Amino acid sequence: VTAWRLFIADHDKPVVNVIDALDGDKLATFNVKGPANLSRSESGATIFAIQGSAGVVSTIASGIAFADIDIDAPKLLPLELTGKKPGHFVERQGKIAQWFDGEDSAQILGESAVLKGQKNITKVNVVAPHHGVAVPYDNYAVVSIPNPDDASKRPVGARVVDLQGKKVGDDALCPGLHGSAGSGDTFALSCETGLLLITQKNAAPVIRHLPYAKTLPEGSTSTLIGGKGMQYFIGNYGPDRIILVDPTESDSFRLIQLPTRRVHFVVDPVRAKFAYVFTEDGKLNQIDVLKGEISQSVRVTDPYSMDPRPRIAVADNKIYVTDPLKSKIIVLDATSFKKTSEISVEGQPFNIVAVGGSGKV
């Protein structure tokens, strides 16, 4: 049995739609408190709907878990996280860290408990409310350090804390810290001088700094995605360029110039040599990460000359591009890179995540 599902948040309405990615039919629509940004767990078993303006994070059991596969209907869980302006969500190996821009704490919990209907939260102090990020580790977390002076500015680095908020090592200064992603056993935080790279073995997590290569043009990264199946990061580097970073090689950086400005990007979790960038001209661009170049482009929507704009997700052998102003999802074959289908979604379909796979029953 093969099963994949899309989870789509409306830009304005407090709704999340669940769509069977394979035939387009609707599986559920969930009503939440506010418009949501969506994240999935690594296992794909839970979906989190972050509602910045409503002070809540809702949780969805996706209904697909695992090889052997167990398939149920998707369901809104009664577990909700509460706090002012929920922010960056980071999940790793079933450990969850939910940041709150308006709180003195981040909330750490575990996927296994969430799915069982349990809410077992550890609040870790982050010194001062700010727009930051928490990465969960075994018996530790990495949390951004709020800007001294103001604190409403971007954070100035990160540090290891134990789960009582106590600092462990020394601070890792990274001015203008913004942007985070995991790829394999390595987690990256971007800032004005480069990337913080985080790994954990059997002790405290270890942070090291990778400066932007001296050969790059002036610029820095403020958003990151992480490869799945091959270890790398993709960041923005100015509005019309991206950088590919290999954190395991000394020749770390490759710059790609886009023809027009970036709207969104995602990696391909199935064909790990590829990633995808959507640009304001309305094209989907295939990034061959090994060669460091755009290998092809295809027009998918009308231009969105830089509020809602398309978002990409990948499921099985298909790519899904939300077209909010046209109340639909465009579906392309990943291999041929051609449109094959469209799926209607009422309203302004915006953020999108996909889960699934295959297993015996």
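Residue numbers run from 1 along the displayed sequence.
- Coordinates are absent for 4 to 9 residues of the deposited sequence placed between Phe66 and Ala67.
- Of the two segments examined, 143-151 and 196-204, it is 143-151 that shows the higher average Cα temperature factor in the deposited entry.
- The stretch 25-33 shows the higher mean C-alpha B-factor when 320-328 is compared against 25-33 in the entry.
- Within the listed group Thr215, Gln257, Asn236, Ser180, the record reports its top CA B-factor for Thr215.
- For the set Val245, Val270, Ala73, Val160, the maximum C-alpha B-factor listed in the entry falls on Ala73.
- Sort the chain's modelled residues by C-alpha temperature factor and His88 lands in the middle third, per the entry.
- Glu342: CA B factor lies in the lowest third for its chain, per the PDB record.
- The entry lists a Cα temperature factor for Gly359 that places it in the highest third of the chain's modelled residues.
- For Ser336, the recorded CA temperature factor ranks within the middle third of the chain's modelled residues.
- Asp302: CA B factor lies in the highest third for its chain, per the PDB record.
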